[PDB]
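Below is one structure; the comments refer to it alone.
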Number of protein chains: 2
Amino acid sequence: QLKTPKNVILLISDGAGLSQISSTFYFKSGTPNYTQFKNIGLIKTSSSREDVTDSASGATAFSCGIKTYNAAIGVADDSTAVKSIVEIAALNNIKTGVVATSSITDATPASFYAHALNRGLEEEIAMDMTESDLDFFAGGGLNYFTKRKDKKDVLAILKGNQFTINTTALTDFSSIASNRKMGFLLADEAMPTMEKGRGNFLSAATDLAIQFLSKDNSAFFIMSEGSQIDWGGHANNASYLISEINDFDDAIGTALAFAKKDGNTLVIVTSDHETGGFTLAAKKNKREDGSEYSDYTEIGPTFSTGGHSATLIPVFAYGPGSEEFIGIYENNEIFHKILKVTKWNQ
Amino acid sequence: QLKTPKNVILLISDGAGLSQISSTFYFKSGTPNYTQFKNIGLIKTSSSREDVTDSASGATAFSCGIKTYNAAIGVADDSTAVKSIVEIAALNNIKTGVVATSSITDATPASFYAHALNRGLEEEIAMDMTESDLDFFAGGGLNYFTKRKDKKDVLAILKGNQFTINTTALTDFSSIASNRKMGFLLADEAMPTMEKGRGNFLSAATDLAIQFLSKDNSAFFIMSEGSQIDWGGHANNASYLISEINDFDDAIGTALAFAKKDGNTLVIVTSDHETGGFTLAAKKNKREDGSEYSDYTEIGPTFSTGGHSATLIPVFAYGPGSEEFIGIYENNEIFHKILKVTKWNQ
Ligand SMILES: [Zn+2]
Ligand SMILES: [Zn+2]
Ligand SMILES: [Zn+2]
Ligand SMILES: [Zn+2]
Ligand SMILES: [Zn+2]
Ligand SMILES: [Zn+2]
């Protein structure tokens, strides 16, 4: 018999395998927040049709609890829509929020609020937001709501649904505390990279979501995504990847500080899959007559692929029910384990 | 207040990161024995002087509980000998054994019975075996005992220290039951690869060690190594790597089958470091006027280095005391955790 968390925060690092996680132990100032976790599990990430998953099927496994096809958003392998944790939470009177450093219409956040046959239908996904139960969102993607093929103003529709929308900057909590629902659309497409000065957006937005959704002592569910770790991987760009995962680890710290104080919040950290074959290899040196050799004293990160890979992925859990998340299991069981510990029903 | 194990089995997969472990989930018939574990931790593997560890310092972290320099065997950063878990076990009336698919003088097994300034001193290590507290061993390396540069017959010295030695094949338990100590030296250098017909040596030798070392109701400690996973990694040879870790997973099943029947046995599985940047990438499909594109349906393993890497490494533990091994910690704490749960006198 484990305990029962009131609140859940699910932090997803897109594209981070254990090698990416490990970079925080060598390239971050001070101890990584990962070290706060005791309960650790591993997930198998293959989709219903593919050994190597994409972000859409990978996140839909978390949000909806099923294996589905690569590119599916909140639909099953036979393409029928399935209820997401956000919808279920709403039925149980739980407040919900989604935060991402990509466009808010990108595959990972979209899987938590939309149902589409293909992740590329992002203007459809933006419109899906208007029929969702979500109470808070923050990320990029303003173009999908205001510069559309159908020339519709989706912000007006959201505002008609009780959203206050801010397209300028993340504000203090006092600026939003009295709003019924809140959305931040802070870039036309993706948010800036850390290297281009995104700064503390992910941690700040997560803190804002926590304070906003727990107004009046409501239970809440939040998914916050370190979206751009995956992009650093695809580009085989070590400094990009490293700076984005260090930022993610800051957000883990933000979530854990809240949870440890609150005492009734489960924090789950995981990834959808690994990307790039990122490796903390030994530094390579060149001679002059037969160049390359290794120096084990230092790390020179390397990559082996431009795409995703099928390694098992670590899961970290802290708070009431955290022991449910140990062992090795399929990615889609994350959904079922969350429902099990929270007792959120259908 | 954890349970106290009477016996401990430590299985080390040399060079297996989580990507290597994951290959057993795609390239092995049936389900991997890894899935039996619930308690999982992660270790940081850097040595006292180098971000990327070698096998000698990595194994010495486990056997002796200190960070030391790459190439060190059972000695501290200052080259002085340090008391090992095998030496502690012997002082606590525990029977001890070491099994490997490399030469028994290779860095991993040697760290559990020898004290040498440099792993390259394999003839010195073989002599150290003759003065060690080990009661059982099995592996390759007959050359280091009978075809030495110094021409000494160390086989005779082994036998003169109460070891019964077999250089022909592994036997059954009844054959060796009345022997005080048993050593198998079954190859001149390394044991054969799996691809060259090694068969179930690692499982069979571990099972034999368990039976031999538990004679007369004695408690035991065993370290058994899947030594050649590392060599597949160094060679960037997927099928070699995969066949060796599949064999290692069989050995895990052997240990766990004993532990579950026995009920007083802690089984710990970990690795010393990762090698090769082994990645379960998408299979590459070719056309002609476009050449190469990724097909996520299937996996095509890739590598990015010929050397070791500094990723954190998973630790799995089953049995009394196993909860001690969760969370994230330095590799050398493996030693201290084993000492803690067994309650042996230091
Ligand atoms: Zn992804
Ligand atoms: Zn994503
Ligand atoms: Zn991707
Ligand atoms: Zn090694
Ligand atoms: Zn080894
Ligand atoms: Zn090696």
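Hydrogens, waters and symmetry mates are skipped; everything else that's a heavy atom, side chains included, is used. Labels below follow one simple rule: chain letters A, B, ... track the order of the sequence lines, proteins then strands, and each chain is numbered from 1. Whatever order the structure lists them in is the order used to number ligands and atoms, beginning at 1.
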Euclidean distance, A:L42 CG relative to A:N331 CG, rounded to 0.5 Å | 12.5 Å
Between A:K44 and B:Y26, is NZ or CZ placed under 6.0 angstrom from the six-membered ring centre and within 45° of the ring axis?
->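 Relative to the ring axis of B:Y26, which defines the angle, A:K44 lies inside both limits.
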Residue-atom pairs from the protein, N, O or S only, that lie under 2.8 Å from the Zn ion (ligand 6) | B:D230 OD1, B:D230 OD2, B:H234 NE2, B:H308 NE2
Is there a donor in the side chain of A:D54 and an acceptor in the side chain of A:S47, or the other way round, less than 3.5 Å apart?
->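 Per modelled atom types, A:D54 and A:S47 side chains form no pair under 3.5 Å.
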Quick one: list whatever passes salt bridge (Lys or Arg N to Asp or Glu O under 4.0 Å) with A:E330, sequence neighbours left out.
->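 Once residues adjacent in sequence are excluded, the partners of A:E330 under the salt bridge (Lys or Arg N to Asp or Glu O under 4.0 Å) criterion are A:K67.
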A:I43 and side chain to side chain contact (heavy atoms under 4.5 Å, CB included): which partner among A:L312, A:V315, A:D272?
->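 Of A:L312, A:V315, A:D272, side chain to side chain contact (heavy atoms under 4.5 Å, CB included) with A:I43 is met by A:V315 alone.
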B:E244 bridged to B:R198 by N-O distance under 4.0 Å | yes
Check A:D272 and report its N/O/S atom nearest to the Zn ion (ligand 1), by atom name.
->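 Within A:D272, restricted to N, O or S, the Zn ion (ligand 1) is closest to atom OD2.
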